[PDB]
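S.K.: The following block contains the structure, expressed as structure tokens.
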């Protein structure tokens with residue numbers, strides 16, 4: 001009924017902290033792939 | 001040693017092309033059940 | 001009496017059914033399979049399967065590829081990647097798919113890619129032949 | 001806890017409840033589909049198993065473990081991983097394939113050396129024969145020559161039950177000419193090879209279709225349990241919320257009344 | 001009262017399924033119908049500032065949504081369509097807009113007229 | 001400022017993933033940070049000289065404990081620090097060319 | 001004490017947890033005992049009638065029974081021990097104890113009663 | 001709280017700082033979904049400025065809904081469209097950070113001043129998908145968009 | 001509340017009882033994560049006593065941290081190492097319980113007095129995983145550790 | 001809240017009106033499971049009243065748990081006796097609905113005043129199965145059970 005998007009992060013609760021770590025894990029693995037692809041585009 | 005085996009292709013690959021062609025020859029009535037079959041989701045994991 | 005099983009990954013046509021004779025389109029020739037048939041393994045080409053029923057005559061199916069297994073007992077399993085009744089196929093499409101592949105045949109400049117064209121022509125050839 | 005802590009926590013768990021409820025329904029419609037697709041696939045896959053289950057076949061070993069990448073499906077992954085390490089310690093040169101990233105996660109610390117290849121993107125679209133084909137092709141044309149092998153997966157039984165099973169892969173094209181396969185003797189090596197390859201795809205297709213049905217049903221259950229647990233927490237927190245809410249009004253008001261009386 | 005009655009219903013149905021749009025694939029076409037209608041009617045509720053609308057103009061765009069003339073259109077294109085469709089009806093169908101105002105209702109003759117206008121406008125929409 | 005500079009960066013990146021506490025490759029993301037967290041543990045009534053603090057932080061920050069069981073680090077630090085205080089007082093001097101090579105000389109042999 | 005001195009313990013343990021090992025059999029006992037402690041309004045029981053009911057449950061006779069049936073068992077069982085076994089209930093009351101002669105008597109009552117009804 | 005709550009009515013623009021944003025390491029720690037201005041109006045700043053501002057806010061708002069889902073499902077399980085919304089929203093969050101001249105004491109990094117039209121262009125390009133190929137870290141603590149492209153180049157060499 | 005809040009500063013050792021711990025049937029209902037003492041110092045009780053005490057508190061706290069996740073997602077989301085922390089922590093919780101001489105009127109169990117050396121050794125063994133094979137319920141309402149092993153053999 | 005809490009002490013019954021019941025098309029929109037009455041006792045209302053009411057209450061509670069299996073799984077995932085309890089319970093909630101005399105001016109249907117004795121024996125006959133051969137829509141928006149029999153004859 002009432003809008004509530006982002007409430008999980010907003011609580012700083014276990015679920016909140018876990019999701020933050022899960023995003024970070026994903027995007028650090030992406031960065032590794034993207035920096036290598038950028039290295040091989042370098043020549 | 002068939003023309004395709006000498007080319008380094010397997011019966012898996014041969015059979016996949018054959019299967020695709022039979023699907024690509026269906027009409028718009030059974031063609032709807034192309035989608036739900038014949039996928040390419042699974043991917044290899046290197047490094 | 002032979003217990004005939006005939007399926008694709010997605011469809012069953014016969015499940016341990018008593019049939020008189022099964023004609024199969026095979027990589028090296030064509031096999032007619034009766035109840036007292038010697039144990040054999042084999043793989044398929046695109047073509048028609050004819051199932052001769054216990055009662056009266058026959059029914060027809062188009063098979064893409066796959067395998068056929070005949071055992072010591074009268075059990076036979078026909079396993080196709082794709083199997084359809086000809087009621088499901090469009091002639092206009094298979095004929096159109098033939099010229100599309102005939103066009104790729106006279107242009108490809110790689111060994112492995114060439115075979116992938118020839119297989120598709122062969123498949124559409126049999127489809128059109130059946131339809 | 002403070003009123004603000006309670007309120008924030010209540011809002012979080014309400015969100016978790018809604019999502020787990022929605023994903024229970026997703027898994028339910030996905031499970032229904034998997035169980036329909038399993039029907040013909042069971043006939044097909046068991047028909048492909050008929051050859052070895054009508055002949056006594058004996059004999060570098062290959063373990064293929066099958067699950068998915070996706071969490072929240074109970075003991076689906078631990079089960080398969082438990083039989084993977086269990087059968088690995090019993091065997092005598094072992095190499096391991098994992099289909100579904102969760103296989104690699106559980107085994108990596110101890111069996112990292114033994115891993116041939118891993119497959120991902122499992123559990124998002126219902127598996128096809130193409131997927132079986134992709135795994136098949138990346139094993140034959142990879143470099144490893146196995147003498148025997150076995151595939152470990154969850155065989156579906158009901159909405160709430162599944163059994164972790166093992167099927168053999170005698171795909172060694174040398175073992176197809178032995179003691180009991182002596183009656184299958186007129187076939188040239190060319191066609192036996194084509195047969196062997198196709199049956200390798202069939203057995204992996206069979207495991208893929210069984211595993212997915214088990215995984216979706218188990219996902220449904222886990223999400224159902226999650227949302228029931230969330231609802232119970234919600235109920236309890238709402239009670240604390242209302243108590244605390246009233247107590248803050250009461251406390252505030254007594255302060256203002258004291259402030260007024262003291263003047 | 002005509003068009004709003006149905007829009008209220010369909011948004012209330014959509015609001016119950018709205019979460020399934022953001023994550024839900026293997027769902028029956030029935031709930032897919034509610035989601036497609038809902039996301040499109042939702043776009044019709046968007047409005048810029050300082051531009052209040054004549055009642056007849058509101059009911060013309062709402063009619064388009066509730067009669068299903070947006071159902072095959074991309075959600076990103078609904079506002080473009082609304083603006084274009086309104087410009088078209090204002091420019092060359094004042095007589096239809098006037099009568100709906102005056103009478104305060106949509107007659108059977110008015111509904112048949114509006115039926116054709118939307119159909120012909122939609123048919124030549126994306127130039 | 002040198003060694004704590006890298007520790008601050010290394011722990012901030014760690015804190016972002018710390019919440020993982022099965023794990024696949026999220027464990028190379030956890031390694032350094034977990035060791036560093038153990039190195040900031042300290043007993044009571046034994047405040048440390050700045051050079052003594054640098055010497056222990058160094059061992060963690062230069063990744064020389066990355067394969068040691070995180071539960072041992074407490075035992076390691078005390079023993080390591082006692083040995084450096086007693087026999088390597090000259091090393092704690094002027095407080096990174098000779099010092100860099102000399103710390104790894106002890107740390108290697110010590111981590112037996 | 002001879003009956004409730006074990007029933008009291010088996011029920012706070014049960015509450016906490018609300019094929020498996022002894023953890024599950026805690027739940028199996030707990031449900032039977034709970035049903036055994038149900039009682040209609042205005043239905044007074046003398047202490048001796050109470051111990052005989054508790055006895056049946058606490059000794060594990062209803063452990064094979066289905067939880068739904070416990071209520072029906074109690075009503076028929078109690079009214080039966082009230083009808084002919086006033087001697088037993090009298091013995092337990094006056095002695096203020098379950099004597100060995102009462103213990104063996106009751107054991108024969110429950111066992112023979114348990115089997116013999118229409119379901 | 002009554003003090004800051006009563007203050008809002010007295011302002012034409014509000015820059016609302018947020019502890020959650022500062023704790024992520026984003027400075028200045030401005031809340032993009034709680035800072036407002038009476039001139040944020042297409043008739044005042046122009047439609048291009050306004051459309052990019054509202055597009056940035058839309059992606060960051062949609063991002064909030066997705067974080068709730070991720071908390072249960074994880075990142076890998078999201079659709080490719082959603083992962084793209086997350087990827088882009090994260091680049092946007094970080095491109096909103098900026099080294100302040102006055103903060104050259106905390107970090108040692110040089111302060112940056114970004115002209116308006118450069119600010120609009122950079123966010124326009126991120127939202128359009130023009131930097132989907134660079135890691136999000138390249139967008140953290142830079143000035144104009146060209147420093148992000150260049151930061152990605154330094155990081156590729158150090159890899 | 002101001003009354004108990006002001007009282008803590010006056011004490012050298014505090015034993016904090018918890019209703020929630022009592023409702024797990026754990027008696028005495030002492031909160032292991034809220035009870036403190038001035039003499040809990042390695043220089044005073046010895047490094048062995050100290051290490052074991054902190055080891056117990058660490059595993060109880062680690063377990064406490066998992067409970068918001070377990071509460072919703074249940075046990076199946078945990079790794080095999082975390083399943084053991086939950087196992088070792090539940091037994092440690094239960095082994096901190098004890099029958100009291102004065103509580104025989106309520107318990108129906110004989111009161112127990114446990115020497116310090118046996119308390120130290122007992123917990124130190126559970127921490128070491130020396131009793132990972134016993135059920136949880138064998139650790140409930142007993143004295144020294146040998147009574148857990150005995151209680152475990154009482155049931156099949 | 002002190003206000004409803006204080007009032008609740010004086011109440012002998014509750015009548016709970018609900019949007020969900022109204023959205024199903026049932027009027028009066030009374031929630032048959034949330035409404036309560038203190039005089040629902042065999043000694044006050046009679047043995048016959050209590051049995052039927054507790055029987056009608058149970059079958060609606062069954063229908064609630066049976067509907068949480070259809071939505072997740074399907075209709076043909078339930079047993080043979082399960083579909084029987086559903087069919088009766090659908091007619092039970094329809095025989096709960098009633099046309100009102102005061103609502104005659106708007107809907108265009110005549111309102112009904114049903115005696116207690118006809119309410120009881122009407123509902124008892126649904127639970128007994130004596131109307132399993134009749135369609136549901138005959139039980140919807142009628143008075144006494146005599147209308148539930150006669151409405152089926154008029155339809156189709």
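Heads up, residue numbers simply count up from 1 along the chain you see.
Quick check of the header: X-ray crystallography, 2.1 Å.
Each residue, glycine too, has its Cβ placed from N, Cα and C.
Heads up, here are the entries from Swiss-Prot:
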| type | residues | note |
| --- | --- | --- |
| MOD_RES | E:1 | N6-succinyllysine |
| MOD_RES | E:1 | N6-acetyllysine |
| MOD_RES | E:8 | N6-acetyllysine |
| MOD_RES | E:72 | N6-acetyllysine |
| MOD_RES | E:72 | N6-succinyllysine |
| MOD_RES | E:80 | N6-succinyllysine |
| MOD_RES | E:80 | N6-acetyllysine |
| MOD_RES | E:105 | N6-succinyllysine |
| MOD_RES | E:105 | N6-acetyllysine |
| MOD_RES | E:113 | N6-succinyllysine |
| MOD_RES | E:113 | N6-acetyllysine |
| MOD_RES | E:115 | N6-acetyllysine |
S.K.: Starting from the Cα of residue E:1 (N6-succinyllysine), work out which of the modified residues (E:72, E:113, E:115) are within 10 Å.
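M.R.: Candidates kept after distance check: none.
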S.K.: In Å, rounded, how far does the Cα of residue E:80 (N6-succinyllysine) sit from the Cα of residue E:72 (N6-acetyllysine)?
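M.R.: Taking the Cα atoms only, residue E:80 (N6-succinyllysine) lies 14 Å from residue E:72 (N6-acetyllysine).
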S.K.: Out of E:72, E:105, E:113, E:115, the modified residues in the record, which is closest to residue E:8 (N6-acetyllysine) when you go by Cα distance?
M.R.: E:105
S.K.: Expressed to the nearest Å, what is the distance separating residue E:113 (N6-succinyllysine) and residue E:72 (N6-acetyllysine) at their Cα atoms?
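M.R.: Distance between the two Cα atoms comes out at 21 Å.
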S.K.: Looking only at DSSP and grouping its letters into three states, which state does residue E:113 (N6-succinyllysine) belong to?
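M.R.: DSSP assigns residue E:113 (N6-succinyllysine) to helix.
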S.K.: Rank the modified residues E:1, E:8, E:105, E:113 by how many other Cβ atoms lie within 10 Å of each Cβ and give me the one with the fewest.
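M.R.: Looking at the modified residues E:1, E:8, E:105, E:113, the Cβ with the fewest others within 10 Å is that of E:1.
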S.K.: Between the Cα atoms of residue E:72 (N6-acetyllysine) and residue E:115 (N6-acetyllysine), what distance do you get, rounded to the nearest Å?
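M.R.: About 16 Å separate the Cα atoms of these two residues.
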S.K.: According to DSSP, does residue E:8 (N6-acetyllysine) sit in a helix, a strand, or coil?
M.R.: helix
S.K.: Within 10 Å of the Cβ of residue E:72 (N6-acetyllysine), how many other Cβ atoms are there?
M.R.: 8
S.K.: DSSP on residue E:80 (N6-succinyllysine), three-state: which is it?
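M.R.: It is helical.
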S.K.: Determine, to the nearest whole angstrom, how far the Cα atom of residue E:105 (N6-succinyllysine) is from the Cα atom of residue E:115 (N6-acetyllysine).
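M.R.: Cα-Cα, rounded: 15 Å.
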S.K.: What's the number of neighbouring CB atoms sitting within 10 A of the CB on residue E:115 (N6-acetyllysine)?
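M.R.: The answer is 13.
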